[PDB]
2 protein chains.
Amino acid sequence: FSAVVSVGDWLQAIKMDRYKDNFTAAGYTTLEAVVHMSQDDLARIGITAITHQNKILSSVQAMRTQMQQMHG
Amino acid sequence: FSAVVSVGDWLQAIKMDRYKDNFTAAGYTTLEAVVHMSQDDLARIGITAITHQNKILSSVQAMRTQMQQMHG
């Protein structure tokens, strides 16, 4: 059991679900793996649009900060 | 948007879903709130069976450790 939601749910929530297959094909099936991605990882995955890279990276930053609060 | 699942999902996963209403009635609607509970909070909520208190507390401990790994 995992306390975190699916990558698919996260992508739809940030309107980047057009990239669902991009994450899956590269083995990024859990948010734990996604949260440790870099800009280069996103480019390698097929997300070359800098705007989309930033939306995803900003979201990752917010999810990490949210997870820090999951254990004060 | 929250990256964590519902209290209901967590309770069913640890077979403590008989207590769904106990959490809700006391305002524990998010896992963020649940993760900061103490034994006394569980008793006050109606979970008096020590075995059930421990199953829940042990789960909380595991979810917290899992969330630490959500930002290495």
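All Cβ positions, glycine included, derive from the backbone under ideal geometry; neighbour counts span all protein chains shown. Every number here is computed from the coordinates shown, using simple stated rules; none is lab data.
Below are the figures for this structure:
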read-out	value
Residue list for region B:16-30, restricted to those being polar (S, T, N, Q) and farther than 10 Å from B:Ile47 by Cβ	B:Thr24, B:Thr29, B:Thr30
Flag for A:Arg64 being free of Cβ contacts under 8 Å to residues at least 60 places away in the same chain, more than 13 Å from chain B (Cβ to nearest Cβ), of a type in the set (D, E, K, R) and out of contact with any strand residue (DSSP E or B) (no Cβ under 8 Å at 6 or more places or on another chain)	no
Residues that are over 17 Å from the mean Cα position of the chain (by Cα), of a type outside the set (S, T, N, Q) and in a helix (DSSP H, G or I), drawn from region A:57-72	A:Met70, A:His71
Subset tally (residues that are surrounded by fewer than 19 Cβ atoms within 10 Å (Cβ to Cβ), part of a helix (DSSP H, G or I) and away from chain A (no Cβ under 13 Å)) for region B:21-44	9
Selection count, region A:1-20, where residues are surrounded by 13 or more Cβ atoms within 10 Å (Cβ to Cβ) and not in a helix (DSSP H, G or I)	7
Considering residues of region A:45-54 that are among the aliphatic types (A, V, I, L, M) and assigned to a helix (DSSP H, G or I) only, the residue farthest from A:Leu11 (Cα to Cα)	A:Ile50
Matching residues, region B:58-72, being exposed (fewer than 15 other Cβ atoms within 10 Å of the Cβ) and in contact with a helix residue (DSSP H, G or I) (Cβ under 7 Å, 6 or more places away or on another chain)	B:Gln68, B:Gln69
Odd one out for B:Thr48, checked against (1) crowded, with 19+ Cβ neighbours inside 10 Å; (2) more than 13 Å from chain A (Cβ to nearest Cβ)	(1)
Hits in region B:1-18 (condition: within 10 Å of the chain's Cα centre (by Cα) and closer than 15 Å to B:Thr51 by Cα)	B:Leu11, B:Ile14, B:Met16
